């Protein structure tokens, strides 16, 4: 299965749920994930222009599909195919985000 997380909405977007597949892909257990913004997976060779695109998509509540370099707990880089989408309530306000992580490393 792909990794999946749920976050709160802004301004902090902490992770409130992470599936077991996300822990397998990233090397972090739930206690090392919950309450953190997902940017902790980024590292020195992550493309900061893609990170900025992600930031802007989330701020505008626009779904985004893109590929980003992330790092396992042990420091190994991997390619994450990310899909990040808002969850809206009865008045169309954004109350959470869902993220899917697919390890697309060849």
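Numbering follows the first chain given and starts at 1.
- In this crystal structure, the stretch out of 85-93 and 13-21 whose C-alpha atoms carry the higher mean B factor is 85-93.
- Among the modelled residues of the chain, residue 48 sits in the highest third by CA temperature factor in this PDB entry.
- Residue 26: CA B factor lies in the middle third for its chain, per the PDB record.
- In this PDB entry, the Cα temperature factor of residue 101 sits in the middle third of its chain's modelled residues.
- Among the modelled residues of the chain, residue 73 sits in the highest third by CA temperature factor in this PDB entry.
- Sorting the modelled residues of the chain by their CA temperature factor places residue 38 in the lowest third.
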